[PDB]
Structures are given as C-alpha cells and as structure tokens.
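One chain comes next, on its own, written as structure tokens: the form deposited without ligand GDP.
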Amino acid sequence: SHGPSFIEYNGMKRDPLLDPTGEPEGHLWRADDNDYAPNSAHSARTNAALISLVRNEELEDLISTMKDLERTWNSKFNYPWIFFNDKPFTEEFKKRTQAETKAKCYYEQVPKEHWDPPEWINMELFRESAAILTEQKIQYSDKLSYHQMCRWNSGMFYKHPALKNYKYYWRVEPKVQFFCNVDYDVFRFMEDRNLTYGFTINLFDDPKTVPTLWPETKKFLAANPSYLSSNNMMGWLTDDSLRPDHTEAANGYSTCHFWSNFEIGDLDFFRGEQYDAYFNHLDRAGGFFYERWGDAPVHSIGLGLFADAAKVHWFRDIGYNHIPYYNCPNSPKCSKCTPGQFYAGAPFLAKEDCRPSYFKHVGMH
C-alpha cells in the first residue's frame, strides 16, 4: 500500500497520510492538565528549546514561521526560543521575535571556532571544487556560508554553550509553515519514550553534493567496528531499489535523508562518543568544504548507523511545509494543506520522496 509507484520511480502509491491520522499511543502531556504558564517556576516543561540558525535579513520569514508554530503548538506549552547567528542580532530582530511569543527568547552568536573553516582546509582547493559544483548543480551557485551552515548543523550546534543544560531541541527554519494543532508536549513525548530523533519528510539528495560521503563513512566504520548499532538502518542507507542511479553516483549510499530543516532531537545522541567521533572523522576528511556534505545526509547516516531505529519517530501528525515539499496528514486538527500531496510544482518533483524505501526498510513508527 505504502510501496513505490512506477511509470521509472514516481513517488508513493498510497500515502499513509491519507489515513485518519491521530495522536501517538501512550501517556501524553496536555496543556489543560498541567502548569505550562510562560513565567512559572514550577512548569511541566522539560529541558528543551526551539532553536533556529537565522540571519537578521530573514526576520519577516521567521515571524511568519513563529506565528504558525506558536498558534499550532507553543502558545500552549511555552518552550523558549534560542536564535543563533554568526553575526549579532539587531534590536529590531529581538523586539519583533519576542513580540510573537510569551516564552523567553535568547539571542546567541556562533563562536568563530564553530564557524570558520578549520586550519587543515585549503581555501584554494575549496574555491576550485566550489567552481565545479556551481557549474554542475541545478539552480545552485556556491557560497562558503552554505558549507559553514552544513558543518554547524552537523557537528557544532550541540557544542554551543547556550545549549549545555538542554537535552532536546526542535530545529526551526525561517521560512516554513505548520498546518496542524498539536495538543501534547512533543518534547516530553520524546523523553518518556527515550526517543532520539523525529522527522516529517524523507527525501533523496543530489549525489553531486556527497560523492565520497559513503566511502568516508565506511572508512570510519572499519576503524570503529563496535560503533554500529544492532537496530540499524543499513538497508535504507544502501538501498538501490527505487533510484539505482542515485546509489551508484553516491558510491553506495541511497542519498536518502530525514529532511533536517525540521528536527526534534536528543542533543545527547549527537554529543555521544559514536556520532561525535563520526562528525570529527568527516571534519578531517574535508568533504564539508571540498564537497557539499549536507547536515541532513550526515545526521541521517549517523542515526542510521549509531542510533536505535526504534527510537526514531515519524511525526506524521505535525503538518509541515518547507518549499517545495509537505507532510500533510488527514486530521481535523489541520487546515490549509492537502492531505497526502507530497509536493507543489512540476511533476518531476514526485520522485524525490524516499519514504517508500524508509517505510519498507525501517518502518512507519
């Protein structure tokens, strides 16, 4: 039912999002039953934050996003927002953002050591490979800052001092929509079930951004044979049954990833020995700069090799859009999205959905 449609792969045959979509099973923490007052010192909030890497120039898009997340969820639960940027935030940014929430907002700067390329990266080699990716990649002109963002999301955000006393994060990107009321504390949902990571969308990537990522991953695994988890996603990570040319071009990796612009995650997974050693291996290999290794594939591979797959959750009930893709469930809590419509735009976008592989090899839990 949830398997692949072919005409050539052309997306999902029957999207599970069409099924009546409700809340997860088990105990759920409700706002009407608990102290979630924004300034209460004895609230039901766990140690979690909404986080966003965002520039001053993206303020208007951020405000639209905050309005959706607040209306659908955070106006009831009042978790804090923590904003990150390599430059200082303006007073206008601070005033406008804090005006959209009753929760506390924090404004943080990424340190130089978490943003500047590391010493071992040769900037001439960077510029040469960037010129080639610029020539090859569709609707793409390279910038150093894209690579710095990917590296920051991959290995640095969870080392930031501001997050030291936090265990969970919900990553939010400046220009996104949320469509569905969510009436339970998602952070404590994760905590009570010892969940590691939550996603809404699962996509193929551009193999040109990651050609040596899987080869470098295999080198890391050969050097650290005890790191591979028992409940791993090797079948999903190495699948070639939907788009075999992607898997060939990325040298053994399907390119499939959790679409990391949305994440709800356990910071302590990424801080752990296994994932962080993986990140540092990749950091030394140089592919964050000499290629364009995305934080999405890097997170997805890390989770798929080192996490328990039973602790990774599809948040099917969180209606979500980041252009051009959607997670829109069939629920009366949602509005202004079409249930089960994966994409908006030209029909060639349909094949970018990797959930039929993820659901086969890992599951829909």
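Residue numbers run from 1 along the displayed sequence.
Form solved in complex with ligand GDP: not shown, discussed below.
Three-residue site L53, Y146 and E173 fully in contact with ligand GDP in the entry with it bound at 4.5 Å by heavy atom: Judged in the entry with it bound, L53, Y146 and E173 all sit within 4.5 Å of ligand GDP.
Which pick from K311, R316, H322, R45 sits with a heavy atom within 4.5 Å of ligand GDP in the entry with it bound? For this set of options, the contacting one is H322.
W236, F84, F204, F189: which sits within 4.5 Å of ligand GDP in the entry with it bound by any heavy atom? Contact with ligand GDP in the entry with it bound is made by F84 alone.
Partner absent here, but in the entry with it bound, which of 280-288, 226-234, 146-154, 208-216 has residues with a heavy atom within 4.5 Å of ligand GDP? In short, 146-154.
Would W115 sit within 4.5 Å of ligand GDP in the entry with it bound, counting heavy atoms only? Taking the distances in the entry with it bound, the answer for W115 is yes, it comes within 4.5 Å of ligand GDP.
My question is simply whether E58 lines the interface with ligand GDP in the entry with it bound - judged by any non-hydrogen atom within 4.5 Å. Contact check for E58: yes, within 4.5 Å of ligand GDP in the entry with it bound.
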